[PDB]
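Q: Residue numbers (the deposited numbering), protein chains in the order written: chain D, 2 to 325; chain A, 2 to 325; chain C, 2 to 326; chain B, 2 to 325.
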Amino acid sequence: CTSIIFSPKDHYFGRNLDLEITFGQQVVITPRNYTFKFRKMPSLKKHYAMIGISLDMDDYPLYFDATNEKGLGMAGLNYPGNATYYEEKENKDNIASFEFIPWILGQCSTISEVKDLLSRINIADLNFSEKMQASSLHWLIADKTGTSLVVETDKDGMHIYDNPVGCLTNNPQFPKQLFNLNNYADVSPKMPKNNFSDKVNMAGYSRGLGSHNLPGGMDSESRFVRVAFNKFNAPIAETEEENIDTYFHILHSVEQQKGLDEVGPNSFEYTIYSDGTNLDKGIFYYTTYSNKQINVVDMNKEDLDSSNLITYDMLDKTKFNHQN
Amino acid sequence: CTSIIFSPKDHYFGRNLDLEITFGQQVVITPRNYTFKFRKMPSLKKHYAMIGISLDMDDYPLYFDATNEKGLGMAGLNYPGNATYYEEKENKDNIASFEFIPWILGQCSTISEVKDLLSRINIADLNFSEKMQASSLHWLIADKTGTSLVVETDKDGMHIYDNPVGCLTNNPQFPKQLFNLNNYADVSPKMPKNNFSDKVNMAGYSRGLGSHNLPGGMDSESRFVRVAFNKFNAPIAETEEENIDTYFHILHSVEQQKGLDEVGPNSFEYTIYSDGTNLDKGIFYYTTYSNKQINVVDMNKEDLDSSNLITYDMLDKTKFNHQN
Amino acid sequence: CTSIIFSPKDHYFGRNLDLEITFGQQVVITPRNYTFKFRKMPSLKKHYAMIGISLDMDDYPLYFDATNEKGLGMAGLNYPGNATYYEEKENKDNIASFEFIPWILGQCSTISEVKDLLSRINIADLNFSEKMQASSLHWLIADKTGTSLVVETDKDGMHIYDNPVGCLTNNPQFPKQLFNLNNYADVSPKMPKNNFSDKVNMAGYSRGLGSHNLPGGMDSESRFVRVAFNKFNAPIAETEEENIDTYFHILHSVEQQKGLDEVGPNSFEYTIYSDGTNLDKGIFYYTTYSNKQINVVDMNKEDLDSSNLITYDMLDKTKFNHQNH
Amino acid sequence: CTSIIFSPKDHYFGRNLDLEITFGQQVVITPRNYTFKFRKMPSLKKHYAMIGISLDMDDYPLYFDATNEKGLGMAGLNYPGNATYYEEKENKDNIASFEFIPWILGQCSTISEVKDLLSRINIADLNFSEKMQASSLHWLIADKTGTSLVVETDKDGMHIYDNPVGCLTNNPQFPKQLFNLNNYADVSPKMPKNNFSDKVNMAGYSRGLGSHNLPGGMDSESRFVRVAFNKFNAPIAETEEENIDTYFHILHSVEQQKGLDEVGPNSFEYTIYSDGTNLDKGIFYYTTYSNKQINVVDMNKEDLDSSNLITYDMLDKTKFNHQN
């Protein structure tokens with residue numbers, strides 16, 4: 002998985018979901034008066050409305066990532082082997098990992114409010130069902146000022162980090178992931194100087210040689226570096242159409258192509274989908290692996306005061322434009 | 002530029018066109034009875050029909066790449082500084098670089114016929130006009146057996162190479178480009194073995210670590226290695242829709258994103274378009290940088306006995322699908 | 002800087018010193034009854050003898066690294082910008098960075114005893130003098146069982162790490178440095194399998210292609226990975242001569258060559274020297290940049306009950322052997 | 002194997018010999034009136050004196066590398082699978098690959114003289130003895146002007162190349178080996194500039210980060226790049242002691258450590274010795290894997306008009322200096 006906030010003019014937040022199998026995701030809008038039930042907290046009977054990609058299990062939205070009507074966004078990305086969910090604490094809001102996105106996006110409008118709410122939270126070891134055991138996740142949270150932060154629940158407790166580069170992938174823990182970027186200071190959009198020796202003729206035989214050491218791999222660290230390079234060198238435009246086009250080139254640059262990340266016999270982790278929300282306008286965009294026409298769901302064209310889930314199918318089939 | 006042949010069941014040939022500035026291009030079917038004129042050879046009054054993308058002129062089809070009705074495909078890719086075109090030779094067929102595709106694709110059906118014609122050819126230093134100086138190219142040729150061939154006109158003469166990997170980018174010369182692949186034997190879709198030492202605990206901390214050393218750069222050798230890894234590990238499917246989807250994932254895996262390959266002040270080489278032809282069926286497909294919905298032009302739906310160029314606009318503007 | 006413990010049979014501990022300027026340093030044995038004086042603690046009037054390379058100033062051994070007579074070793078490696086030394090603390094033993102090696106090596110014989118002393122230490126922001134401001138260092142400590150730990154004094158306090166690979170270089174902090182090794186699991190002494198695709202003919206055109214992605218750089222992470230690869234694939238022998246021979250190949254594999262690491266105009270960081278001590282025997286070995294004949298100083302041939310520093314020159318000029326004479 | 006000419010003031014030519022088995026080589030001075038016998042040419046009864054490392058096979062010097070009294074040096078380096086030796090030719094001096102060094106260094110004093118002799122040569126497929134096949138080699142040749150050239154005998158003929166970097170290792174052919182240097186222009190002794198993006202704070206956390214991408218491997222291409230970086234950034238001094246010290250630091254920077262290049266079960270290729278000769282002065286220097294004190298043999302202190310080989314044992318055992 003890869004998640005970014007991209008702030009050329011308006012602010013766009015979203016992620017690639019990298020898994021080996023698709024099973025029942027939809028675009029889900031949760032309106033303000035849908036009651037969020039919590040295992041160990043009183044229900045949120047009214048809350049901010051939100052939109053994202055989710056499973057719908059027994060009428061409950063298990064969000065992979067979402068954005069609320071105040072321009073606050075949040076995404077849960079795989080964090081295998083690192084994620085720890087804790088015992089219940091008598092002095093904290095005990096919130097399950099699968100309840101984390103509704104808890105936060107339903108109650109908070111800014112990063113500062115997120116931090117305040119997190120000062121009272123305990124991400125607790127609670128499973129949705131015996132069938133659906135909890136996934137191992139860490140979270141990227143960003144708001145429409147362009148500020149972002151990272152939440153990791155490690156063995157020695159929960160850690161919260163300001164995110165100066167506004168990107169997140171998977172393992173390792175954010176301090177190591179962020180520091181690894183320092184090793185790529187010389188990766189450049191421009192041709193290199195001959196620093197090797199002026200007594201040797203270095204021929205600039207290919208445009209693009211500046212990025213010769215850009216990681217191309219499917220792994221977590223390679224995608225973090227690659228998405229950071231793409232994000233901070235992408236062009237800035239004035240229109241919505243241009244900036245969302247650029248946004249999807251950023252995420253598609255770290256797409257996991259089928260066959261390249263093999264996790265088992267004929268089993269391949271790949272980018273199921275790419276989404277992005279205009280945090281300033283509440284507009285949800287997505288592409289899928291097989292359908293890279295941009296699909297648009299406008300949260301503001303729904304009745305956000307209603308009390309039941311609003312669902313749209315993810316258009317995940319190849320759609321061709323036949324010019325005859 | 003990157004060009005491949007991809008042979009899952011049917012055979013698909015095409016390329017990314019990477020340039021820092023466009024002047025327009027278009028899809029062009031040249032029918033059988035469009036007379037091909039040649040500066041130094043008699044005209045081909047009748048020939049095979051072909052389809053590809055050319056410059057936005059209707060004087061003459063100046064193809065970037067094309068595929069004829071017999072399943073033979075050919076693409077010219079930037080070869081900066083290496084490409085040498087020769088003085089006219091009395092005992093050869095003197096053919097301009099911009100006449101190469103019509104000359105070959107107009108008369109040849111197989112790689113074997115291509116080689117016979119190439120043995121008597123001389124790629125002459127002729128310009129389409131005094132203003133339109135010939136660009137520096139080398140060529141990938143492939144037919145529907147999956148066999149392919151590289152043509153390079155260097156300063157010491159024309160060299161013709163069998164291509165065992167069916168890929169081509171830009172510099173250097175093909176023996177160096179092909180040999181460089183030997184350095185990436187251990188790049189893997191599966192998790193790496195701990196070869197370092199069984200006394201060191203190596204944590205397989207991220208899926209995709211097998212490809213940690215896959216090159217991600219925008220440069221010529223990086224894209225050659227990366228597209229070969231993508232092509233030979235791409236899944237094999239049974240439907241046309243699935244295999245052409247896969248084909249565009251291979252080409253998009255070596256797309257040059259705007260901003261990442263700087264050739265001058267605010268001037269960036271980027272992937273203008275990606276195209277692919279089903280050599281077996283005569284069906285032409287393309288995406289462009291800003292419109293990655295796949296566009297289809299079926300050559301067999303046209304009057305191939307016509308005498309006039311048949312043209313279609315390249316739809317290069319972002320197409321959104323609004324769902325609510 | 003690069004420091005290792007190498008444990009083929011006996012145990013060998015030491016380091017490359019990577020700096021841009023030398024002058025002053027000697028092989029220095031501090032005997033049992035040389036009185037170690039401390040700015041904020043009572044003097045150690047008698048203590049374990051030790052041997053190492055030191056800058057002697059005002060009759061005080063400013064050790065770069067040393068090993069004591071009980072087979073405990075300790076080295077201070079550059080930690081630029083990372084090292085933080087603290088205000089004096091009540092309820093702690095306040096010890097200056099330049100007194101750290103005498104404090105530990107004078108009093109401890111084992112890692113377990115080192116850990117006891119560290120639980121009550123505080124590395125204080127104290128300078129040798131106005132002209133000698135304290136260096137930014139972190140420390141590798143190893144004993145003759147082959148166990149080692151790392152001490153790093155960061156902005157948010159002192160951290161002590163068990164060291165499973167027995168190697169240290171410079172920045173970054175040890176958890177990041179140790180975790181970076183995970184990126185090199187596929188580096189191999191053996192020819193690589195063709196994982197790329199069995200549809201592509203990968204020619205095995207050179208021996209050694211298994212190590213094609215081994216880092217060769219002069220930088221701290223590169224050297225950490227390269228020294229670990231060298232150490233864990235080095236052969237093990239049953240002889241002192243062979244095992245110390247191997248030891249210096251490990252250290253020399255990560256030598257910084259003059260001209261390859263420029264830290265300012267006409268100023269280059271390079272490996273001044275490599276040393277190694279046999280912890281089980283008390284034998285100090287070293288080479289220098291211009292003299293890679295192994296020089297030997299046996300601490301046990303000196304009077305370890307004396308009270309004065311005992312010094313030997315670092316033989317740092319090239320000594321050619323004319324076979325033709 | 003790695004071979005260089007290093008030209009700080011005087012000129013130093015030599016090599017690392019990288020093999021898995023030591024045989025029993027020694028330092029051999031061949032005086033002017035030792036008769037060189039050839040299988041298919043008249044004997045060379047008087048010739049230039051030379052010094053180098055040789056096997057000894059009943060009175061015949063089989064040099065790995067040598068340098069003659071006129072300052073011409075030559076080294077045979079493994080070229081596995083690539084070396085082709087030819088059928089005898091009726092119009093050429095047919096010289097065995099193991100006769101090549103005596104043939105050249107016996108009669109030539111300069112690179113230009115070498116090039117004239119090579120115009121009449123045919124490196125023929127002659128083995129030294131029934132159960133000792135010829136080894137597969139290519140050669141680096143250099144003289145006291147600093148100039149060097151490469152001789153490679155490939156399937157399609159002998160190829161001679163001027164060597165602009167004065168370096169050679171093993172496979173592949175020299176054109177590909179040399180061109181690969183272009184991929185390392187940015188490898189630097191100096192700290193890198195932040196070209197990734199100035200919106201990203203890149204910490205220059207370690208001295209030497211400029212060489213972060215210097216290859217460290219044991220393989221042929223890695224050592225070629227690494228010895229070149231070491232050679233052209235090595236300091237230049239006024240005296241012999243200083244320059245020969247620098248010279249061995251260059252060769253030792255590409256030493257293959259035991260255990261790092263496994264060629265078979267419990268069998269490793271390693272640097273058996275490093276040697277260099279002062280071309281201007283005829284002084285021979287060497288280290289061995291286990292003895293890094295520089296050993297010196299002055300060819301000119303011997304009787305160069307003699308008729309018998311003059312042999313010295315290689316001091317290959319560790320010799321310690323006990324200071325107390």
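All C-beta atoms in this analysis are idealised placements derived from N, C-alpha and C, irrespective of residue type, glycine included.
1) Output needed for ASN231 of chain C: all residues of its chain with C-beta closer than 6 Å, excluding positions within five of it in sequence on either side, in chain order.
2) Do you know offhand how far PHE99 of chain A's Cα is from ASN79 of chain A's?
3) Consult DSSP for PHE65 of chain C and reduce its assignment to one of helix, strand or coil.
4) Extract the residue ranges of the alpha helix (DSSP H) inside the segment 217-255 of chain C, only unbroken runs of 4 or more that lie entirely within it.
5) So who's on the other strand from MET75 of chain B, going by DSSP bridges?
6) For the beta strand (DSSP E) holding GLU263 of chain A, just list the boundary residues, first then last.
7) Against chain B, with Cβ distances strictly below 8 Å, would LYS259 of chain C count as a contact?
8) Is there at least one Cβ from chain C nearer than 8 Å to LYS282 of chain B's Cβ?
9) Identify every residue that forms a DSSP beta bridge with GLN134 of chain B.
10) On the DSSP letters alone, give me the boundaries of the alpha helix (DSSP H) that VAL115 of chain C sits inside.
11) Under a CB-based cut-off of 8 Å, is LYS156 of chain C close to chain D?
12) Quick check on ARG227 of chain C - is its C-beta less than 8 Å from some C-beta in chain B?
13) Exposed or buried, what is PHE24 of chain C when buried is set at 16 or more other beta-carbons lying within 10 Å of its beta-carbon?
14) Grab me the residues of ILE102 of chain B's own chain with a C-beta within less than 6 Å of its C-beta, minus the 5 sequence neighbours each way, in chain order.
15) Whose C-beta lies closer than 6 Å to the C-beta of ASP11 of chain C among residues of the same chain, with five residues either side of it excluded?
16) Could you tell me which of D:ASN301, D:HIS323, D:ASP276 sits nearest to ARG16 of chain D, measuring between CA atoms?
17) Hey, how far is the Cα of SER291 of chain A from the Cα of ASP19 of chain A?
18) Considering just the uninterrupted stretch of the alpha helix (DSSP H) at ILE52 of chain B, what are its terminal residues?
19) Mind checking if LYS191 of chain D is an interface residue toward chain B, Cβ cutoff 8 Å exclusive?
20) Determine, using beta carbons only, whether residue 334 of chain C comes closer than 8 Å to chain B.
21) Please classify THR240 of chain D: is it buried, with 16 or more other beta-carbons within 10 angstroms of its beta-carbon, or exposed?
22) Under 9 Å, CB to CB, which of the residues in the segment 291-316 of chain A have a partner in chain D?
23) Would a check of beta-carbon distances place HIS213 of chain D closer than 8 Å to chain B?
24) Tell me, please, whether the CB atom of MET51 of chain D is closer than 8 Å to any CB atom in chain F?
25) Listed in chain order, which residues of the segment 181-205 of chain B have Cβ atoms closer than 9 Å to some Cβ of chain A?
26) For a cutoff of 8 Å on Cβ pairs, would you count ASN92 of chain C as touching chain A?
27) With 8 Å as the threshold, decide whether the Cβ of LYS177 of chain B is near any Cβ in chain A.
28) Going along chain C in order, which residues have a C-beta closer than 7 Å to the C-beta of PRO173 of chain D?
29) Per DSSP, which one or two residues make a beta bridge with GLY158 of chain D?
30) Might you give, ordered along the chain, the residues of its own chain that have their beta carbon closer than 8 Å to the beta carbon of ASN309 of chain D, omitting 5 neighbours on each side?
31) Which residues in chain D sit within 9 Å of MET219 of chain A, going by Cβ to Cβ distance?
32) Does the beta-carbon distance from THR170 of chain D to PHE225 of chain D come in below 8 Å?
33) Compare the C-beta of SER254 of chain D against all C-beta atoms of chain A and say whether one is closer than 8 Å.
34) On the three-state DSSP scale, how would you describe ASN181 of chain C?
35) Under the three-state reduction of DSSP, which class applies to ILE6 of chain A: helix, strand or coil?
36) Residues of chain B with CB under 9 Å from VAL152 of chain D, in chain order?
A: Result, derived from the coordinates:
1) In chain order, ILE251, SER254 place their CB closer than 6 Å to the CB of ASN231 of chain C, counting only its own chain and leaving out the 5 sequence neighbours on each side.
2) Roughly 13 Å separates the two Cα atoms.
3) Strand.
4) The segment 217-255 of chain C contains these whole alpha helix (DSSP H) runs: 221-234, 241-253.
5) Within the DSSP bridge table, the entry for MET75 of chain B names B:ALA67, B:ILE142 as partners.
6) From DSSP, the beta strand (DSSP E) with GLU263 of chain A extends over 263-265.
7) For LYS259 of chain C, the nearest CB of chain B lies under 8 Å from its own CB, placing it at the interface with that chain.
8) For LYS282 of chain B, the answer is no, since every Cβ of chain C falls outside 8 Å of its Cβ.
9) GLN134 of chain B pairs with nothing; no bridge assigned.
10) From DSSP, the alpha helix (DSSP H) with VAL115 of chain C extends over 112-119.
11) Judged by the 8 Å Cβ criterion, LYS156 of chain C is not in contact with chain D.
12) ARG227 of chain C counts as touching chain B.
13) Flag for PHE24 of chain C reads exposed.
14) If we look at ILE102 of chain B and ignore the five residues flanking it on each side, its Cβ neighbours are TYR64, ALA67, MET75.
15) Non-local C-beta neighbours of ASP11 of chain C in its own chain, meaning closer than 6 Å and more than five positions away in sequence, comprise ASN279, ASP281, ordered along the chain.
16) Comparing Cα-Cα distances from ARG16 of chain D to each of D:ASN301, D:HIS323, D:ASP276, the minimum goes to D:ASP276.
17) About 14 Å.
18) In the DSSP assignment, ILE52 of chain B falls outside any alpha helix (DSSP H) and lies within the beta strand (DSSP E) extending over 51-58.
19) Chain B, which has a Cβ nearer than 8 Å to the Cβ of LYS191 of chain D, makes this yes.
20) Here chain C covers residues 2 to 326 and nothing more, so residue 334 of chain C does not appear.
21) Looking at its Cβ environment, which holds fewer than 16 other Cβ atoms inside 10 Å, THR240 of chain D is exposed.
22) Cβ contacts with chain D come from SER291, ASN292, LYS293, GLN294, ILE295, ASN296, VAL297, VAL298, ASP299, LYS302, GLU303, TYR313, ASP314, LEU316.
23) Yes, contact with chain B.
24) Absent here is chain F; the protein component of the structure consists of chains D, A, C and B.
25) For the segment 181-205 of chain B, which is checked against every Cβ of chain A, the residues closer than 9 Å are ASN181, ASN183, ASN184.
26) So no, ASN92 of chain C is outside the interface.
27) Chain A contact via Cβ: present.
28) Those are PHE180, listed as they occur along chain C.
29) In the DSSP secondary-structure assignment, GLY158 of chain D is bridged to D:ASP155.
30) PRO32, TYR35, listed in sequence order.
31) Here the neighbours are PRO190, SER207, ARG208, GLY209, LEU210, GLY211, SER212, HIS213, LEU215.
32) Yes, the pair counts as a contact, with Cβ atoms nearer than the cut-off.
33) Between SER254 of chain D and chain A, the shortest Cβ-Cβ separation is below 8 Å.
34) In the three-state scheme derived from DSSP, where H, G and I count as helix and E and B as strand, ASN181 of chain C is classed as helix.
35) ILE6 of chain A falls in the strand class under three-state DSSP.
36) For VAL152 of chain D, no chain B residue has a Cβ inside 9 Å of its Cβ, as the nearest lies near 22 Å away.
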